[PDB]
Amino acid sequence: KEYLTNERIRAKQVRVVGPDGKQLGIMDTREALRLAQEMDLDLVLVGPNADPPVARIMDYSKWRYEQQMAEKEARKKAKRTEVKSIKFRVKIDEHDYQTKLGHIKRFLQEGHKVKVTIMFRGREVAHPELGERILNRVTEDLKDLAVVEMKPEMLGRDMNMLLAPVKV
Amino acid sequence: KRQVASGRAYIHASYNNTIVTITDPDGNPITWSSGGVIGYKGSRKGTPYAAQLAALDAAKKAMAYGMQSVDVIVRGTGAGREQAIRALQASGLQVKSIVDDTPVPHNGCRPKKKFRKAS
Amino acid sequence: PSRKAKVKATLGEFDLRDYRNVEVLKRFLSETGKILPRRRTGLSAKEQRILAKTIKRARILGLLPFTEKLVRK
Amino acid sequence: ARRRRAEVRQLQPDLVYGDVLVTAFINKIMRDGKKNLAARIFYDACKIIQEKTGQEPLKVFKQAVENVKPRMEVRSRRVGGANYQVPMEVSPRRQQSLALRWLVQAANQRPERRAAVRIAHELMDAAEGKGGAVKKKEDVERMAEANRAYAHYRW
RNA sequence: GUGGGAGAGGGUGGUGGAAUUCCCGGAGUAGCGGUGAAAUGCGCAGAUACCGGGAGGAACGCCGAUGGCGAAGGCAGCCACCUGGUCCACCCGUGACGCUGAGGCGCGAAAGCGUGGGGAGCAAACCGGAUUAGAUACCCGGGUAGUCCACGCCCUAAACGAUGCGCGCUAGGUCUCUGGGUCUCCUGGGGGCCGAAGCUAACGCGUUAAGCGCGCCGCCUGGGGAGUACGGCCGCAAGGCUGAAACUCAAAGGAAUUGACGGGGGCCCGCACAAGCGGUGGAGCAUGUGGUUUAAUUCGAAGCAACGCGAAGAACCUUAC
RNA sequence: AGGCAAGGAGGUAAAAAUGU
Ligand SMILES: [Mg+2]
Ligand SMILES: [Mg+2]
Ligand SMILES: [Mg+2]
Ligand SMILES: [Mg+2]
Ligand SMILES: [Mg+2]
Ligand SMILES: [Mg+2]
Ligand SMILES: [Mg+2]
Ligand SMILES: [Mg+2]
Ligand SMILES: [Mg+2]
Ligand SMILES: [Mg+2]
Ligand SMILES: [Mg+2]
Ligand SMILES: [Mg+2]
Ligand SMILES: [Mg+2]
Ligand SMILES: [Mg+2]
Ligand SMILES: [Mg+2]
Ligand SMILES: [Mg+2]
Ligand SMILES: [Mg+2]
Ligand SMILES: [Mg+2]
Ligand SMILES: [Mg+2]
Ligand SMILES: [Mg+2]
Ligand SMILES: [Mg+2]
Ligand SMILES: [Mg+2]
Ligand SMILES: [Mg+2]
Ligand SMILES: [Mg+2]
Ligand SMILES: [Mg+2]
Ligand SMILES: [Mg+2]
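Protein chains in written order, with the authors' numbering: chain X, 3 to 170; chain K, 11 to 129; chain R, 16 to 88; chain G, 2 to 156.
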């Protein structure tokens, strides 16, 4: 990633590439340094791997900045949309359920993938009939906004689903 | 490639990063060192050690321009302003006086809600 | 609890209101351009207040320092 | 610990020479609690030293001890969330003990066959300014220079 | 009245630096900023940090108080002007002119709204990021209104000393500010703290009474319902003031006191961790259990404090299966 | 040099829905 500029270079003969891409040849490192000084720029060791080290008369700092920007871009087109969870229950009544649904819808609209999970507690024996039914109802409610990425999965004292947005 | 031998040492000290600028006697700076400059990023940026490192780096840079005769001024307070000062003293640069000039308002505007709750 | 010397007890006879008398007024200002407390001057409250006012007046004129810089630290 | 300062045990001094440090070293060497086996081992080491590097075998030991001694040490502390390697100063006795331990470790971390010989070799190395124990000491010192960072977190 | 005095009392006209942002100028380079961490956010069109100057708007650091003022809301750079209150000494003048105050008229923080301006910061809403099960929130990055001013309007509030105003009486102290004095101590007016009596549900209060009285005014008659509905009035709107009942419950409360609790703290201790030596896990077996298999794997023991335990002796016996 | 304190700092304090 990071290289050796001007004075940090101790290897004696360097291959000198120019500001846009000016091939000046296998030259003295001192000569390269001098050239860099002349153009108000820096000779940066861009390949310590090839034929008598590949060194670039560039604004080192500028290049670094560019690289940083690129990296930032890479981590800003890697998408902020992740997995939003919502923990339901057994004896869920109406208004609260609707609120939950609304929340889910909002999340979907934003772009997210949704861990839809029913927290069980007491009996968790009559669980699938009610919990599963609830889940089914939820799915039905979101048939145009949501697609079922994965079907009910009981792990702990709970069962999880996940729902993905219908069209990207 | 300009060279000076003399000037000031403005240590802006914030809790997130202690930044050190070195200036010529006129007030026109030669170099500066910070926390991202000693690689450190985020939390350590304001850790006293980082400040010390920055100070050292700044001193080194100054030395690459012949500087010795150094007046030192600190502004605000960070984790190591004192640490930075100590580092500078150690370095081998003729430390004339270390002077406090915090940018403290004479009852200025409304501070941000963090620097509010002070009443 | 403050008691080394007092700026009233070190200073003799002087009028308070006269801001022009600046060096005598330079003793109640801190090393930084800041006023010393009641427990540093030695005055009565009224007197202290008057002194403060005078200092302010002086500042407005300019004679005495407004804010300065501590040394060594 | 909590109440009193938990005193250091003053050992019975050496049966042949006359120094407590030597006794301590012997004890350190000793595993399973077999003093007579490892005391003999120590004596053998001494003899070896006398033979090869033409010197009294107490002075050499002392030199070795001096060489392996740390002055700056590294502790572990949780502050804020993360753990920080904290550099701090050692009290003389403790430092000596540490050095002894290191020496013992080095003696056990060598490639040759017999117990005494290895020990002797390690001692010689320590005296010289190299070996295993010395390297360890150096490493420790370095750690208390790459992490002189978190020195203001004084214990 | 005279003679004084304290004061951020208020209003009008100014101005003084610190700060901040913003603009130009420089010099200077790879990051600043942010945090429990970080991420957006800005930065090579050169940002941050540093000096020069300007542009502005706010708000007054130190003094600064546990202080001073006002009737209350409130009030702080300094000046000038206009001006309120008040406090004292002379006891000089008047001769009960007083005290309160239903209504009334005024004032009335902050937000709010209308009209015009200005607008630096801060910053509801709002847009971002994290944080998270969720985040419409605490935390950061911006960001409108608004904050500021002029004119109007609003009128509420923990508009609290949760104590109406007035006088008299009833131990002191102590600290504070302010005045006069025959000024190491008195005597007046404020502000605090400790307390005699007494009082109080207790907490507390205690010459600044919640004590004794008297004067007048304001409310109050369980809570919730409910400051809501209704009407009425006010207001550009928001709302306000004024103010129920049906029903409902047998409470709602306050003080204190135990105890318990607290992601309150302090003081301690324990092989608790550190400092150190040696292990367990990993290997094999030994055993005891869980599980599973079985005709039955007898039963119990259950985190610590069940698990080489009851079993300190299972081939039969023991032994219950 | 010690004894108490006032201030200025600068660190810690920041993370917790599941039963019979
Ligand atoms: Mg008069
Ligand atoms: Mg510029
Ligand atoms: Mg008379
Ligand atoms: Mg008469
Ligand atoms: Mg009246
Ligand atoms: Mg009225
Ligand atoms: Mg902001
Ligand atoms: Mg978010
Ligand atoms: Mg958000
Ligand atoms: Mg914000
Ligand atoms: Mg307005
Ligand atoms: Mg109002
Ligand atoms: Mg109050
Ligand atoms: Mg109030
Ligand atoms: Mg009230
Ligand atoms: Mg008053
Ligand atoms: Mg009084
Ligand atoms: Mg009594
Ligand atoms: Mg009392
Ligand atoms: Mg009294
Ligand atoms: Mg009462
Ligand atoms: Mg209301
Ligand atoms: Mg109505
Ligand atoms: Mg109670
Ligand atoms: Mg209690
Ligand atoms: Mg442990």
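Quick reminder that beta carbons are idealized off the backbone N, C-alpha and C, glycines included.
Let me check understanding here. Comparing Cα to Cα, which of the options lies closest to residue i?
i	options	result
residue 69 (chain G)	G:59, G:19, G:98, G:33	G:98
residue 53 (chain X)	X:168, X:29, X:125	X:29
residue 16 (chain K)	K:63, K:75, K:91, K:84	K:75
residue 158 (chain X)	X:119, X:137, X:135	X:119
residue 63 (chain R)	R:73, R:50, R:74, R:75	R:50
residue 42 (chain X)	X:25, X:167, X:51, X:60	X:60
residue 25 (chain G)	G:78, G:112, G:104	G:104
residue 125 (chain G)	G:55, G:22, G:31	G:55
residue 82 (chain K)	K:51, K:28, K:120, K:95	K:95
residue 127 (chain X)	X:114, X:152, X:92	X:92
residue 167 (chain X)	X:125, X:136, X:112, X:11	X:112
residue 86 (chain K)	K:67, K:109, K:40, K:66	K:109
residue 112 (chain G)	G:148, G:151, G:132, G:47	G:132
residue 85 (chain G)	G:5, G:144, G:52	G:144
residue 81 (chain G)	G:7, G:151, G:18, G:8	G:151
residue 9 (chain X)	X:24, X:38, X:102	X:38
residue 44 (chain X)	X:65, X:137, X:26	X:65
residue 33 (chain R)	R:54, R:68, R:83	R:68
residue 24 (chain R)	R:16, R:84, R:39	R:39
Please list, in chain order, the chain K residues whose beta carbon lies closer than 7 Å to that of residue i.
i	result
residue 86 (chain R)	107, 109
residue 65 (chain G)	Per Cβ cutoff of 7 Å: no residues; residue 65 (chain G) is ~33 Å from chain K at best.
Using the Cα positions of residue i and residue j, report the straight-line distance between them to the nearest angstrom.
i	j	result
residue 104 (chain K)	residue 80 (chain K)	5 Å
residue 66 (chain G)	residue 123 (chain G)	11 Å
residue 47 (chain K)	residue 64 (chain K)	7 Å
residue 44 (chain G)	residue 10 (chain G)	23 Å
residue 37 (chain R)	residue 31 (chain R)	11 Å
residue 21 (chain X)	residue 58 (chain X)	7 Å
residue 94 (chain X)	residue 90 (chain K)	55 Å
residue 151 (chain X)	residue 139 (chain X)	16 Å
residue 52 (chain K)	residue 25 (chain K)	11 Å
residue 22 (chain G)	residue 12 (chain G)	9 Å
residue 19 (chain R)	residue 155 (chain G)	33 Å
residue 73 (chain G)	residue 146 (chain G)	9 Å
residue 135 (chain X)	residue 81 (chain X)	33 Å
residue 142 (chain G)	residue 100 (chain G)	13 Å
residue 145 (chain X)	residue 4 (chain X)	51 Å
residue 137 (chain G)	residue 33 (chain G)	25 Å
residue 32 (chain X)	residue 62 (chain X)	17 Å
residue 60 (chain R)	residue 12 (chain K)	58 Å
Could you list which residues in chain G have their beta carbon closer than 8 Å to that of residue i, in chain order?
i	result
residue 20 (chain K)	Near residue 20 (chain K) there are no residues of chain G at all, since even the closest Cβ is about 23 Å away, more than 8 Å.
Can you round the beta-carbon distance between residue i and residue j to whole angstroms, since I take them to be within the 8 Å contact cut?
i	j	result
residue 23 (chain K)	residue 88 (chain K)	4 Å
residue 19 (chain X)	residue 48 (chain X)	7 Å
residue 117 (chain X)	residue 149 (chain X)	With 8 Å as the limit, residue 117 (chain X) and residue 149 (chain X) do not qualify as a contact, their Cβ atoms being about 15 Å apart.
residue 36 (chain G)	residue 27 (chain G)	7 Å
residue 30 (chain K)	residue 68 (chain K)	4 Å
residue 107 (chain K)	residue 87 (chain R)	7 Å
residue 70 (chain R)	residue 43 (chain R)	7 Å
residue 48 (chain R)	residue 81 (chain R)	5 Å
residue 61 (chain G)	residue 75 (chain G)	Contact flag wrong, Cβ pair sits at about 29 Å.
residue 134 (chain G)	residue 107 (chain G)	4 Å
Whose Cβ in chain G lies nearer than 9 Å to the Cβ of residue i?
i	result
residue 9 (chain K)	As displayed, chain K neither begins before 11 nor continues past 129, which places residue 9 (chain K) out of reach and without an answer.
residue 59 (chain K)	148, 149, 150, 151, 152, 153
Give, in chain order, every unbroken run of the alpha helix (DSSP H) that is at least 4 residues long and sits entirely within the region 7-74 of chain X.
-> 31-40
Kindly provide the ranges of any beta strand (DSSP E) runs that are 3 or more residues long and lie completely inside the region 51-116 of chain G, ordered along the chain.
-> 73-79, 84-90
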